[PDB]
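First to last, the sequence lines map onto chains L8, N5, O4 and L2. Sequential numbering of the first sequence, starting at 24, is according to the entry's author numbering. Sequential numbering of the second sequence, starting at 22, is according to the entry's author numbering. Sequential numbering of the third sequence, starting at 62, is according to the entry's author numbering. Sequential numbering of the fourth sequence, starting at 2, is according to the entry's author numbering. See structure below.
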Amino acid sequence: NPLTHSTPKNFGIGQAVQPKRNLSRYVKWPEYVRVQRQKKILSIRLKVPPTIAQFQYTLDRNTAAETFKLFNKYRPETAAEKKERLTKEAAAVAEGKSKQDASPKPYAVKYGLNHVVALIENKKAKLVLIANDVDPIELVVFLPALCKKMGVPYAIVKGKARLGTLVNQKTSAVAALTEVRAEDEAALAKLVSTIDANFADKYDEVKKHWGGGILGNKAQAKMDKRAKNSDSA
Amino acid sequence: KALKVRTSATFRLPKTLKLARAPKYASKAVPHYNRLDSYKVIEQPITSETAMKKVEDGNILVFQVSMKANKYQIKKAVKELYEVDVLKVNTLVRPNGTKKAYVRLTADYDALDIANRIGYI
Amino acid sequence: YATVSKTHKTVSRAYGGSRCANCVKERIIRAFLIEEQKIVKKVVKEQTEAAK
Amino acid sequence: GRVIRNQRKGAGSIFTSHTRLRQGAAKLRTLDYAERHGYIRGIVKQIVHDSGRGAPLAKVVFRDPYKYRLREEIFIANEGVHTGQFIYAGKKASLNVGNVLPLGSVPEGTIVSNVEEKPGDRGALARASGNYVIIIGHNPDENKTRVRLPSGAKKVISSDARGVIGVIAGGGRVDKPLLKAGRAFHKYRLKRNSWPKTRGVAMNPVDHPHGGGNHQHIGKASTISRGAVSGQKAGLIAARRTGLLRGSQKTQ
RNA sequence: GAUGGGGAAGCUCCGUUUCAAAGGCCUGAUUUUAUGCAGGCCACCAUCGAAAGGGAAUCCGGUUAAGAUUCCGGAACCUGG
RNA sequence: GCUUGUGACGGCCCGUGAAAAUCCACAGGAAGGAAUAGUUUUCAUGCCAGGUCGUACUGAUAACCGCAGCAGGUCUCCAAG
RNA sequence: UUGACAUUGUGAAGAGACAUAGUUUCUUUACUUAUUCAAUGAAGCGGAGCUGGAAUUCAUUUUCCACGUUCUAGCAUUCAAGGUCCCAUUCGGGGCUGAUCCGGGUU
Ligand SMILES: [Mg+2]
Ligand SMILES: [Mg+2]
Ligand SMILES: [Mg+2]
Ligand SMILES: [Mg+2]
Ligand SMILES: [Mg+2]
Ligand SMILES: [Mg+2]
Ligand SMILES: [Mg+2]
Ligand SMILES: [Mg+2]
Ligand SMILES: [Mg+2]
Ligand SMILES: [Mg+2]
Ligand SMILES: [Mg+2]
Ligand SMILES: [Mg+2]
Ligand SMILES: [Mg+2]
Ligand SMILES: [Mg+2]
Ligand SMILES: [Mg+2]
Ligand SMILES: [Mg+2]
Ligand SMILES: [Mg+2]
Ligand SMILES: [Mg+2]
Ligand SMILES: [Mg+2]
Ligand SMILES: [Mg+2]
Ligand SMILES: [Mg+2]
Ligand SMILES: [Mg+2]
Ligand SMILES: [Mg+2]
Ligand SMILES: [Mg+2]
Ligand SMILES: [Mg+2]
Ligand SMILES: [Mg+2]
Ligand SMILES: [Mg+2]
Ligand SMILES: [Mg+2]
Ligand SMILES: [Mg+2]
Ligand SMILES: [Mg+2]
Ligand SMILES: [Mg+2]
Ligand SMILES: [Mg+2]
Ligand SMILES: [Mg+2]
Ligand SMILES: [Mg+2]
Ligand SMILES: [Mg+2]
C-alpha cells in the first residue's frame, strides 16, 4: 500500500531481461560425467543378452534388509578381537595345555571371490549373495549358473559396498554363509526360500529373457503418440 | 529429496583446498650469506685526473661499483661505508665493462675533504 | 584527461560530456511521447478485449 | 617438371586472403529462442563498406535476452534497408525488406538473401552484391521449402532455414568496365593474390601442361577429365560441352 | 608459438579457444589471529612479435681535450605513494 | 615569396584507405553521509620516491657491405642570396 | 575410382532354401545408441496442464489452433516491485509466490 508499488514484469520475448532460472538441465558437464551417464544410456538401448540382464533383477529391499540383518551377526574378526583372541590362546593354550583349542569354532561370513567359488563348487556354501555392480561383470556372471548347477541357493543383492560393510572391506563382490549357529538355522531356511523363489527358481526363464532395448523418453513419447493416433483414430 | 540448482550453464572447476608446503627436509642446509654487501657493492675509488676534478669542483665521489648493483644499493653502501649523505647517484657502464657511480654529496658534506679521508689523492 | 579537473570533461545537463544536447532534447521528447502512446496502446486494446 | 601454379595455391603462402581491413564476418543471428518462437527487434546502426566485398554491410544491434547489454551483428545489407530502420528477426515476424524470417513462413515468390543451408548455419546462399533466392513452393509435411538460387539451381531445404527478405545491396557493380589494368590491380589487392594471370601457354613445359612448342598452342584437347590428377587439371575441367554458347540459356 | 588434446615408429607434425572440471578482483566475515569463509560479480584462456606504428611527463642558459634534452644553474612537468 | 604546419572545403574509387594497450565521460544508483556537527581530495597549497640497459664516434670517393683507405652499393630530417 | 570384407546394431513388409510351420540370406523403409556433421559463454527441449477460442455437439467433448513485444534513432542491469510466510523484531535477512507440472536426451 504505502508509497510502495506493484510493477509486474513482462518476460515475454523482446522485453525484460530474462530472470535467473534453473538450467541444471542444460549445464555442460565435464566429460567424465557425460561418459558415465551415456554409458548407462548406451547400456540400455542395446538389446542385452540374457546372461547379463539376469542382473538388474536385484533383490527387493525388505528381504535383503532381513538378509543383511542376519549376515551381520556373523561378521569376520575385528583387528582387536583377534589380537584379543591370540593373547588369549597364545598365553592360555601353550600353558594350560589345551590342543590349540581353547578357542571356540568360529562362525563367520565367507568372502572374497575365489574363496566363495570353491565353496559353491564344493556344495559347502549354503546361501550366496552376489553383488549387482562389479564392473568387470565377468567376475560374477558365471555365478548364478554355478549356484544353480551346484544346487546352491543364491541372490543378487544391491551393493558391492553394502556387501563390503558386513565384512569390513570397502567393497566385497560376494558374501556367503556356509556355517550357522543352530539358533539361526531357522531364520535362514525361511530367508533361503524367498530368495530361491525370486532367483534360482526363476533362473531358467530369466535365461530366455533379453534385456534393454529401451527408448529414451524424447523418442518414447514420439511413438506412444504416433501409435496412439495412427491405428485407433 | 532432490537436486542442486545451478543457475549458470557453465560448469567450473570446484574451488578446492590448496595446502601450503610444510616440508620434511630443508632446501639448502645453510642459507646464503648476503651476496651484495656494502663492501662488495662499491669496489674502488676512480681517481682519473678528470674524476678528481669532479671531486674538488663537484662535491662528487666517483666509484667503480659492482655491476650487480643499482642506484638504491650504491647509495646505501656509500652512505653506510662513509658516514656521508647522498644527493643523487648517476651511473654508467664503462667501456671496459665495469660500472661507474657518480655520487653527489649533499651540501652539508665536502667530498674533496672526504676523498682524502678515505685516503686517495 | 586525468590531469584535469572534471569540469573540463562535462557540461551541466543530463548526459553532460556525452551527448550533444539537441541529441538529448530528442530523447527526452521521444521518451515522453513513447511512454504516453504506450498508455494509449494499453487501454485501447484493453477495450478491444472487452468489445468483441 | 615443376609444380604448376594452380597446385601451389593450396599451401596458401602468398595466396591467403587479404583479411586485414574487413569489417568482420557477416552472419545472421544465432538461432536462439526468441527467433524461433517469436520475433526480436534490432536497429541497423550503420551500413558500411567491407573491403573486398561487393555489397555493403549493415551493422545491426539487438538487446540481449539474457543479459543487460547490447549485442551487435554484422548483416549483409539488402537493398533499401537504411540506418535507424527497425529490423525484425523471427518465426512470427512480418514480411518486410530487411527482416529475417524462416523460409517456411513466406509465401512462394518471396525474395530473400543470405539464406541458410540448414537452420541456424547463420546464412549461406546468395550473398554477393546483387543476388537473392526465390521461394518456389513448400511441402508442409517434412517442412521443406523449395528455392531457386542465383545459379539457376533449385534446391530443397528445411523450412526452418532462415533468410532475410530482400535482395543484397550494391547490384550492378559488374556492369561497369574496369577499363584499365590498375582498377583490376586495386580490386584484387583487397581480395587475394590472383592477378595478373600468366597464360600457361606462354610458359615453358616445366611450368605447365600447355608450355613449350615452337608456336604457342595447347597441343592437346584442353578439356581435362574429372578423374585427372593434380598437375593435370588445367584447361576446361570436366567440360561436357565447349564452344560459343549459342541460343538462349535459362534453366527449364 | 606453449598448453587439454589429435597424428606420427620416431626426431616431431597439427591445433591457439580449439571436443578441456583452464582462473582472480573487490571487499566483507577476524577482534582465539592472522587471514579461513560470507556474497556478487568477470569468463577475458598463454606468451613472443615495432630503437620508423600506438605511447604519462622538460626546458632554456652555461660547461668539457673528448659527455649532454643525461652534468651545473634556473625554472617546470608526469607517475606512484 | 620559400619551407613547413594547420584548417574549412572540394576530386577519386568494383581501392572507401590497421590493431591493441591505455585515458576520460556518461546512464545507473549499491551504498555511505550533518547541526553540536558530518561529508568532501577530480579546487589550491604542502611530503616522500622514481629502478634496469643504451648514450663516445663514423654513417661514407677512408670508420658499413663490395679480398682494400675500391670512381660501385647502401634508409632519412634541416636548407640562404 | 569401383567391389568385397571388417567397423555393423534394432524393427516392419517383400523376395529367397530343409522341400507351404521359421533358424538364415538379400530388395525396400523404418528406428537411434555406434559412426558422422551444424550450432551455443550447452537458455527455455520433449511431454502433460491451465486459460482463450475457431469448431459441431448425435450425450459431452470427438478435436484443431493459438496461449505478454511492430507509428518514432528513447529507456529495459543490483536474487524484481508486489503479495504472503518466517527471524523474534534494528539494520539486516531468509523462504515461497510472482515465473504451472513432469522427464535431468544442451539443440
Ligand atoms: Mg561376532
Ligand atoms: Mg667545494
Ligand atoms: Mg644510464
Ligand atoms: Mg565544461
Ligand atoms: Mg587467413
Ligand atoms: Mg602476382
Ligand atoms: Mg594473361
Ligand atoms: Mg589469361
Ligand atoms: Mg617462353
Ligand atoms: Mg598433357
Ligand atoms: Mg609437362
Ligand atoms: Mg605448347
Ligand atoms: Mg595461340
Ligand atoms: Mg605448435
Ligand atoms: Mg612485446
Ligand atoms: Mg615503439
Ligand atoms: Mg614509436
Ligand atoms: Mg647546451
Ligand atoms: Mg666531463
Ligand atoms: Mg659531440
Ligand atoms: Mg638540472
Ligand atoms: Mg628547484
Ligand atoms: Mg599525486
Ligand atoms: Mg619535405
Ligand atoms: Mg572518407
Ligand atoms: Mg573523453
Ligand atoms: Mg548490501
Ligand atoms: Mg589534486
Ligand atoms: Mg616494482
Ligand atoms: Mg652523440
Ligand atoms: Mg669519414
Ligand atoms: Mg670494410
Ligand atoms: Mg667506395
Ligand atoms: Mg556398397
Ligand atoms: Mg545449446
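Every residue, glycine too, gets a C-beta built ideally from N, C-alpha and C.
Buried or exposed by the 16-neighbour rule on C-beta atoms within 10 Å, applied to residue i
i: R91 (chain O4); result: exposed
i: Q253 (chain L2); result: exposed
i: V65 (chain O4); result: exposed
i: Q77 (chain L8); result: buried
i: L246 (chain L2); result: exposed
i: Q98 (chain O4); result: exposed
i: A115 (chain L8); result: exposed
i: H28 (chain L8); result: exposed
i: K133 (chain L8); result: buried
i: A196 (chain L8); result: buried
i: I77 (chain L2); result: buried
i: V51 (chain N5); result: exposed
i: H139 (chain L2); result: buried
i: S126 (chain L8); result: exposed
i: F84 (chain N5); result: buried
i: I219 (chain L2); result: exposed
i: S130 (chain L2); result: buried
i: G248 (chain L2); result: exposed
Any C-beta of chain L8 under 8 angstroms from that of residue i
i: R184 (chain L2); result: no
i: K68 (chain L2); result: yes
i: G39 (chain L2); result: yes
i: residue 144 (chain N5); result: No information on residue 144 (chain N5) is available, as it lies outside the stretch 22 to 142 that chain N5 covers here.
i: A35 (chain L2); result: yes
Per DSSP, the bridge partner or partners of residue i
i: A59 (chain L2); result: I48 (chain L2), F76 (chain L2)
i: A90 (chain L2); result: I41 (chain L2), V101 (chain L2)
i: residue 1 (chain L2); result: The shown model of chain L2, from 2 to 253, leaves out residue 1 (chain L2), and the question about it has no answer.
i: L126 (chain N5); result: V107 (chain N5)
i: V116 (chain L2); result: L126 (chain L2)
i: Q85 (chain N5); result: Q65 (chain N5), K121 (chain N5)
i: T112 (chain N5); result: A122 (chain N5)
i: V165 (chain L2); result: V101 (chain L2), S114 (chain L2)
i: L246 (chain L2); result: DSSP output for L246 (chain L2) lists no bridge partner at all.
i: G234 (chain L8); result: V71 (chain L8)
i: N140 (chain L2); result: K145 (chain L2)
i: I36 (chain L8); result: Bridge partners of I36 (chain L8): none, in fact.
i: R64 (chain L2); result: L71 (chain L2)
7 angstroms Cβ cut-off: residues of chain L8 touching residue i
i: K25 (chain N5); result: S47
Amino acids of chain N5, ordered along the chain, whose beta-carbon sits closer than 7 angstroms to that of residue i
i: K43 (chain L8); result: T28
Neighbour flag for residue i against chain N5, beta carbons, 8 angstroms
i: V50 (chain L8); result: yes
i: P53 (chain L8); result: yes
Contact list for residue i against chain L8, beta-carbon separation under 9 angstroms
i: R42 (chain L2); result: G37
Contact with chain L2 by residue i, beta-carbon distance below 8 angstroms
i: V180 (chain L8); result: no
i: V40 (chain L8); result: yes
My parser needs the alpha helix (DSSP H) runs of 4 or more residues fully inside the region 155-215 of chain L8; what are they? Scanning the region 155-215 of chain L8 for uninterrupted alpha helix (DSSP H) segments of 4 residues or longer gives 161-164, 166-172, 183-188, listed from N- to C-terminal end.
Could you pull out every unbroken alpha helix (DSSP H) segment of at least 4 residues lying fully inside the region 68-133 of chain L8, listed in chain order? Runs of the alpha helix (DSSP H) spanning 4 or more residues and lying entirely within the region 68-133 of chain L8 occur at 84-96, 102-115, in chain order.
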